[PDB]
Amino acid sequence: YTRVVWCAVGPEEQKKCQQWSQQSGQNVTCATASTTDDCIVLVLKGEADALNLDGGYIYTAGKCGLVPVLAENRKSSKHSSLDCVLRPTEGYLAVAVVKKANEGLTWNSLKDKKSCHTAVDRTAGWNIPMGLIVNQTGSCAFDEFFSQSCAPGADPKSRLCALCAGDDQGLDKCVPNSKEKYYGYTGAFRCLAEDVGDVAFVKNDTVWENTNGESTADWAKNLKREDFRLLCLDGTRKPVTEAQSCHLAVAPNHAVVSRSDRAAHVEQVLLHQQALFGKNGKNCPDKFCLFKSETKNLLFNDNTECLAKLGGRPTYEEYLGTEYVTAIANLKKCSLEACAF
Ligand SMILES: *[C@@H]1O[C@H](CO)[C@@H](O[C@@H]2O[C@H](CO)[C@@H](O[C@@H]3O[C@H](CO)[C@@H](O[C@@H]4O[C@H](CO)[C@@H](O[C@H]5O[C@H](CO)[C@@H](O[C@@H]6O[C@H](CO)[C@@H](O)[C@H](O)[C@@H]6O)[C@H](O)[C@@H]5O)[C@H](O)[C@@H]4O)[C@H](O)[C@@H]3O)[C@H](O)[C@H]2NC(C)=O)[C@H](O)[C@H]1NC(C)=O
Ligand SMILES: *[C@@H]1O[C@H](CO)[C@@H](O[C@@H]2O[C@H](CO)[C@@H](O[C@@H]3O[C@H](CO[C@@H]4O[C@H](CO)[C@@H](O)[C@H](O)[C@@H]4O)[C@@H](O[C@H]4O[C@H](CO)[C@@H](O)[C@H](O)[C@@H]4O)[C@H](O)[C@@H]3O)[C@H](O)[C@H]2NC(C)=O)[C@H](O)[C@H]1NC(C)=O
Ligand SMILES: *[C@@H]1O[C@H](CO)[C@@H](O[C@@H]2O[C@H](CO)[C@@H](O)[C@H](O)[C@H]2NC(C)=O)[C@H](O)[C@H]1NC(C)=O
Ligand SMILES: OC[C@H]1O[C@@H](O[C@H]2[C@H](O)[C@@H](O)[C@H](O)O[C@@H]2CO)[C@H](O)[C@@H](O)[C@@H]1O
Ligand SMILES: [Fe+3]
Ligand SMILES: [Zn+2]
Ligand SMILES: [Zn+2]
């Protein structure tokens, strides 16, 4: 029964998984794929059991019958009395971020600028900002709004990939895994920090975690919060301290998904794995920490306090919420109810 196959996206997640596999005594083992979509296909086939997905991929997976099992829960200020595992999730803030020094760039002058996105099909990097831009321009030509972008997972020959860098060697340009230099929350924010793009579409937490010495990475060493501004939907620009009043949307947390018939068994194993390797785990500082990987967000986001039970045993639609799923569907009309595989 009780062995789980985790699906890793790309070589760096594979290496973290192998460490996790070793430390867990083979209670968890690892399958690897090059994209999140390929990982979803392995799960459907029964060749892997589970992986942690962004809200946008939970929508893809959900249509194919996969179900949310546990959600990432980060440290909050309210609901404090309750344990992390039983605490309701709060969601994260999708923001658009620019350099202070890039004056007079607001939400209404984004057209023909250079953009940095986490990956195609992701909540804060794609679904929210592009959904808003389609609604606002009344056009599905979102591939023509920005002059140049890095949007991992789009056509490498297109302008949506012009700004992506690939790996050390310039290989794998625009692949939607951490081999691409500008992939993910951290990568899209690096794309901005290095002045490759004019705007990054990330979440509030990314700015804080990579500025003011919170990251020791070479590119983030000297970044100061005051050098950045959030774009609000009313045309204003605000300090990064003002995210609660200047965000594009609130996003549902990343969540572990699995096949419906495997859900209960994945849940049981993961709850025990976190008692051992989670934030306060028997073995975390010492042997291995599940929620660490030097700001790279491998398998799980680094700011994760725990994986939390869901409560209300929600479907993927209830988990994502009616607001979010209607945004995705309206945007999906640009690029029809059924599994994409
Ligand atoms: C955008 O993204 C940012 C990055 O994620 C994020 O900033 C992060 O915020 C969190 C908290 O929301 C910070 O975590 C905090 O760190 C501190 C120390 O660094 C930790 O130490 C203590 O933790 C205690 C337990 O939670 C905390 O008590 C909490 O609960 C009590 C209720 O009993 C309450 O305290 C009250 O304070 C009142 C105000 O003075 C006072 O009058 C009253 O009497 C009472 O004492 C608070 O709710 C309190 O939080 C202690 O106070 C300590 O804080 C702790 O673990 C805590 O989680 C991150 O450090 C911070 N990240 C960074 C890198 O700076 C933003 O919040 C995000 N913004 C938006 C808009 O979402
Ligand atoms: C891009 O634009 C598209 C098109 O406009 C947007 O899609 C629309 O999104 C709207 C908001 O998500 C959505 O509006 C509707 O809102 C009503 C009212 O919501 C209610 O809210 C109450 C809060 O007090 C709550 O208690 C209620 O339960 C309820 O949720 C919704 O209700 C309708 O249906 C009822 C049937 O039971 C009916 O009686 C009632 O009169 C309402 O008509 C409704 O479900 C919906 O949420 C609207 O549906 C969307 N339009 C289309 C064409 O799909 C995208 O969101 C935009 N994208 C982005 C990124 O912003
Ligand atoms: C591998 O999984 C097994 C089965 O869950 C674990 O063995 C159990 O561990 C618990 C608590 O540590 C004990 O109380 C049980 O008696 C054990 N036997 C069972 C339930 O089969 C084992 O701990 C796991 N190994 C690691 C390191 O994760
Ligand atoms: O409009 C009726 C609609 O209610 C749904 O509840 C949504 C709600 O609309 C949304 O604002 C919130 O964020 O998410 C919940 C779902 O968790 C319900 O899901 C639908 O069945 C229903 O059509
Ligand atoms: Fe996300
Ligand atoms: Zn809001
Ligand atoms: Zn329900």
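Residues numbered from 1 in each chain as written, not as in the entry; some residues may be left out. Chains lettered and ligands numbered in written order. Heavy atoms only, no water.

### Examining the site of ligand 3
Then, number 1: Near ligand 3 the following residues occur: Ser24, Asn27, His272, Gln273 and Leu276.
Then, number 2: Contact distances for ligand 3 include 2.3 Å between an oxygen atom and a side-chain N or O atom of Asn27.
Then, number 3: Protein contacts shield 34% of the accessible area of ligand 3, which totals 570 Å² for the unbound molecule.
Then, number 4: Residues of the shell around ligand 3, tallied by class, amount to one nonpolar, four polar and no charged. (Near = heavy atom within 4 Å. Polar contact = N/O pair within 3.5 Å; in protein donor to acceptor, adjacent residues only side chain to side chain. Areas by Shrake-Rupley, 256 points an atom, 1.4 Å probe, with all protein chains shown as cover. Nonpolar A, V, L, I, M, F, W, Y, C, P; charged D, E, K, R; others polar.)

### Comments concerning the packing of helix 4 (residues 123–137) against helix 9 (residues 322–332)
Then, number 1: Closest axis-to-axis distance for the helix 4/helix 9 pair is 9 Å, and the angle between their directions is 70 degrees. Taken together, the axes of helix 4 and helix 9 are roughly perpendicular relative to one another. Crossing of helix 4 against helix 9: the hand is left-handed. Along its contact with helix 4, which presents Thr123, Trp126, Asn127, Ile128, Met130, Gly131 and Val134, the element helix 9 presents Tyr324, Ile328 and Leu331. (Axes fitted to C-alpha atoms, helices over the stretch in contact; angles between N-to-C directions. Helix = DSSP H or I, 4+ residues; strand = E, 2+ residues; numbered from the N terminus. Parallel < 35°, antiparallel > 145°, perpendicular 65-115°, else oblique. Left-handed = near helix turned anticlockwise from the far one by under 90°. Contact = heavy atoms within 4.5 Å.)

### Quick word on the domain arrangement of the chain
Then, number 1: Taken domain by domain, the chain comprises domain 1 (2–73 + 255–316) and domain 2 (74–254 + 317–327).
Then, number 2: Computed over C-alpha atoms, the centres of domain 1 and domain 2 are 23 Å apart.
Then, number 3: Contacts between domain 1 and domain 2 engage 39 residues on the former and 36 residues on the latter.
Then, number 4: For the pairing of domain 1 and domain 2, the buried interface totals around 3000 Å² over both sides, and the portion due to carbon and sulfur atoms is 50%.
Then, number 5: Here domain 1 is connected to domain 2 by one salt bridge.
Then, number 6: Between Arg87 and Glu305 there is a salt bridge, with the nearest N and O atoms lying 2.9 Å from each other.
Then, number 7: Inspection of the domain 1/domain 2 interface yields 20 residue pairs in polar contact.
Then, number 8: For the side of domain 1 that touches domain 2, the elements supplying multiple residues, two or more each, are helix 1 (10–23), strand 3 (50–53), helix 3 (55–63), strand 4 (66–74), helix 7 (263–277) and strand 13 (304–308).
Then, number 9: With five residues, the single largest contributor to the side of domain 1 that touches domain 2 is helix 3.
Then, number 10: For the side of domain 1 that touches domain 2, a count of residues per class yields 17 nonpolar, 15 polar and seven charged. (Domains from an automatic or database assignment. Buried area = accessible area lost by both parts, 1.4 Å probe. Salt bridge = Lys/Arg side-chain N within 4 Å of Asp/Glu carboxyl O.)

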